[PDB]
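>>> sequence plus experimental coordinates follow:
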Amino acid sequence: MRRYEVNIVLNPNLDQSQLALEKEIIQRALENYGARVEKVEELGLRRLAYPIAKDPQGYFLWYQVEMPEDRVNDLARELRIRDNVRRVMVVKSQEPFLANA
Amino acid sequence: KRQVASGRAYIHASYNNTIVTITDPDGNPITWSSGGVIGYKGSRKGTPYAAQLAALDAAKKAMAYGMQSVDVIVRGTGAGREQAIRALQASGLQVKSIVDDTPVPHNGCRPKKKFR
Amino acid sequence: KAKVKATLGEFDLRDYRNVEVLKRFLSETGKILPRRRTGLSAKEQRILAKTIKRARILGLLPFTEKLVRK
Amino acid sequence: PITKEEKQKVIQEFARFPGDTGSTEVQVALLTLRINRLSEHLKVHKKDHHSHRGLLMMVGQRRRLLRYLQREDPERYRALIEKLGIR
RNA sequence: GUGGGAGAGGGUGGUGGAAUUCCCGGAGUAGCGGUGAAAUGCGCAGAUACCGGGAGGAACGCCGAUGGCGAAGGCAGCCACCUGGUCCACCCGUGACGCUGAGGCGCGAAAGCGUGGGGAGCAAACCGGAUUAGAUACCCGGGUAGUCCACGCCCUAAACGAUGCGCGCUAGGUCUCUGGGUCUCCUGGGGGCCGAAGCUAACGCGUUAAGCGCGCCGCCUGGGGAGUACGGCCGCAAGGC
Ligand SMILES: [Mg+2]
Ligand SMILES: [Mg+2]
Ligand SMILES: [Mg+2]
Ligand SMILES: [Mg+2]
Ligand SMILES: [Mg+2]
Ligand SMILES: [Mg+2]
Ligand SMILES: [Mg+2]
Ligand SMILES: [Mg+2]
Ligand SMILES: [Mg+2]
Ligand SMILES: [Mg+2]
Ligand SMILES: [Mg+2]
Ligand SMILES: [Mg+2]
Ligand SMILES: [Mg+2]
Ligand SMILES: [Mg+2]
Ligand SMILES: [Mg+2]
Ligand SMILES: [Mg+2]
Ligand SMILES: [Mg+2]
Ligand SMILES: [Mg+2]
Ligand SMILES: [Mg+2]
Ligand SMILES: [Mg+2]
Ligand SMILES: [Mg+2]
Ligand SMILES: [Mg+2]
Ligand SMILES: [Mg+2]
Ligand SMILES: [Mg+2]
Ligand SMILES: [Mg+2]
Ligand SMILES: [Mg+2]
Ligand SMILES: [Mg+2]
Ligand SMILES: [Mg+2]
Ligand SMILES: [Mg+2]
Ligand SMILES: [Mg+2]
Ligand SMILES: [Mg+2]
Ligand SMILES: [Mg+2]
Ligand SMILES: [Mg+2]
Ligand SMILES: [Mg+2]
Ligand SMILES: [Mg+2]
Ligand SMILES: [Mg+2]
Ligand SMILES: [Mg+2]
Ligand SMILES: [Mg+2]
Ligand SMILES: [Mg+2]
Ligand SMILES: [Mg+2]
Ligand SMILES: [Mg+2]
């Protein structure tokens, strides 16, 4: 296992049943890959820089984890099959290099 | 007889020609012009003067629909890339904002031998 | 002429999610700014580079914009 | 890769006395560990030539330490080669 | 060995935006294109310019350097994984385990060959338009192989620092990339410029030696004939040694 930040970006216009549902299946995805959850950040609505899926904005989550490294890929493919998920980034954590330090 | 208020003006300038197209606030055109629209034929189509004449012309034709406020969008290079926006201002169209949009790739396509 | 880090806090050059800071490194057009403007160091700049492009892919930072005046 | 845990476990099982990190024995073992990893890597991925060069480099180093050993203590070498599965 | 690091080093899967082309759609006329001027060419079956959507391949702007990595050929979007080399510090372990290296074996830009895919843009051959005394050429318009991917051959080059590898020695000054330090500076390890001594036919080189030395491999012996002939080996061929 190693430390990875995950980011998910999905369609803004989801209601509560929907939004909470995609969250649930995301959870079930992490579980199903052996992904342990160190913490979560939820910003949600953000006005994007350029449109994504014909959309002026997006909905943003961030999931820090620890998990096996033969998994992390296939993990991300299942995370991305969802129609309503527009981007998936996964990055292994790095300690914060500071400038104007 | 669309009766068009305000709108946008594209200036596509090249080394062989200048062309000006006028449009509504969502992008559908109104009229247009080019250097060869007016009488010019060859190289003469890429003078600055050409660029002028065309700008003006396109403007006259636009004012025909009732155009007033114009937001300008420039693409390309050549003489009268600028003479176009100059006699676009002199026209009587009161120009809202100029913008240069000239598109460039992030590098995908091989160019013509002419080009590298 | 102000450099960038000349005016800025003690800030993470890593973090691809913070836009408010990262934007301050681009021209009007979405272009990453040269050392000559960002006043960075070698490895400083070079980390900034990557952290921006991650931001871009994430759609929090633009790949390009257009030139006004002109 | 090779984590510290696994690597250490090797050195412990290869050492002549506690705390020796540097014997011919320890080096030949460790080498061989990295070697075999590299083999599994190029059993897929045959199109990776640069790593492969690295492996010839390593393989040679092993052979030289071996040839030294066999020159010096023929016994340490017979035994070490034995518990290592070589030749 | 332990700890710390920088990196377009490699292999594999994913993925992002710009742009070209093409298809669909709206709106909108009479041209567009291209040149030194032109013409072919495209355009009323509605082009060009503008807007919206889709499809496909290829390559990665800015960052970017007078930069980095690699033994070399070479290597640039972003992410994950598999992996190579290497630098520093600590002074811990082994105890001469070293250098070079004819054969061998592996790698080896591009073009080229085979089999199977793929094909946006470019584009030998080719088809045209011009220019010219003529044009097989430069310039214009088209365009096939190819370019791209899998696998297997081919083994060349201005494959260049035209500078074989390793080690020790011999003033500095300056710019820089990356470690460590009590961080005007100092101390390793790369990259550049000037320059001591010295070398050099000169040009130049000068702690990144082309100086002072040692070890080992490669190579040379006037020009043409000629990288030809013959012979051999390798190669499907082209052709290579
Ligand atoms: Mg999706
Ligand atoms: Mg013309
Ligand atoms: Mg041509
Ligand atoms: Mg270590
Ligand atoms: Mg790389
Ligand atoms: Mg890589
Ligand atoms: Mg890719
Ligand atoms: Mg149409
Ligand atoms: Mg005509
Ligand atoms: Mg016709
Ligand atoms: Mg016709
Ligand atoms: Mg379009
Ligand atoms: Mg197709
Ligand atoms: Mg540049
Ligand atoms: Mg190097
Ligand atoms: Mg080169
Ligand atoms: Mg490594
Ligand atoms: Mg000692
Ligand atoms: Mg002792
Ligand atoms: Mg080759
Ligand atoms: Mg080739
Ligand atoms: Mg072929
Ligand atoms: Mg063409
Ligand atoms: Mg011809
Ligand atoms: Mg003729
Ligand atoms: Mg040879
Ligand atoms: Mg010599
Ligand atoms: Mg120096
Ligand atoms: Mg320091
Ligand atoms: Mg130095
Ligand atoms: Mg000099
Ligand atoms: Mg002198
Ligand atoms: Mg030296
Ligand atoms: Mg020397
Ligand atoms: Mg000499
Ligand atoms: Mg002779
Ligand atoms: Mg020959
Ligand atoms: Mg003979
Ligand atoms: Mg023969
Ligand atoms: Mg034969
Ligand atoms: Mg030949």
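Noted; the coordinates are in hand. Numbering: from 1, shown residues only, chains lettered A, B, ... in the order given. Ligands and ions are numbered 1, 2, ... in the order given.
>>> at the contact with chain C, which residues of chain B appear?
Proximity of chain B to chain C is assessed by Cβ under 8 Å from any Cβ of the partner chain, with B:74, B:85, B:97, B:98, B:99, B:100, B:101, B:106 identified as the residues in range. The way it works is simple: take the backbone N, C-alpha and C, and place the C-beta from them, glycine included.
>>> switch the cut-off to 7 Å
Near chain C, the residues belonging to chain B are B:74, B:97, B:98, B:99, B:100, B:101 when assessed by Cβ under 7 Å from any Cβ of the partner chain.
>>> nearest to chain A, of those residues?
When these are ranked by distance to chain A (Cβ to the nearest Cβ), residue B:101 comes first, at 14.6 Å.
>>> just the helices in chain D please.
Counting by DSSP state H, one finds helices in chain D at the ranges D:4-14, D:24-43, D:49-72, D:74-84.
>>> name the helices or strands packed onto the second one?
Under the contact criterion of 3 or more Cβ pairs under 7 Å, 6 or more residues apart in numbering or on different chains; DSSP states H and E, helix D:24-43 touches helix D:4-14, helix D:49-72, helix D:74-84.
>>> show me the strands in the chain, by range?
Just so you know, I chose chain A. If DSSP state E is used as the criterion, the strands of chain A fall at A:2-10, A:36-47, A:57-67, A:85-92, A:98-99.
>>> try chain C instead
If DSSP E is used as the criterion, the strands of chain C fall at C:11-12.
>>> need the residue closest to the centroid of it.
For chain C, the residue sitting closest to the mean C-alpha position, by Cα atoms, centre = their mean, is residue C:25 at 2.6 Å.
>>> quick one: contacts of the longest helix seen in chain C?
Within chain C, and with DSSP H defining each element, the longest helix by residue count is helix C:42-57. Residues lying outside helix C:42-57 but in contact with it, judged by Cβ atoms under 7 Å, 6 or more residues apart in numbering or on different chains, are A:89, A:97, A:99, C:13-16, C:19, C:22, C:25, C:32, C:35, C:38, C:40, C:61, C:63.
>>> between the residues you listed, which is nearest residue B:42?
For those, the residue nearest residue B:42 by Cβ to Cβ is residue C:63; the value is 39.0 Å.
>>> correct me, but that closest one touches residue C:30?
Yes. Contact criterion Cβ atoms under 7 Å: residue C:63 and residue C:30 qualify, at 5.3 Å.
>>> between those two, point out the one with more neighbours.
Neighbours were tallied for residue C:63 and for residue C:30 using other Cβ atoms under 10 Å in any protein chain shown; the higher tally belongs to residue C:30 (17 against 14).
>>> still on that earlier bit, restrict the contacts of helix C:42-57 to those near RNA strand E?
A:89, C:32, C:35, C:63 (Cβ under 7 Å from any atom of the strand).
>>> in these, find the pair that's most separated.
Within those, A:89 and C:35 form the most distant pair, 27.4 Å apart (Cβ to Cβ).
>>> alright, calling it a day.
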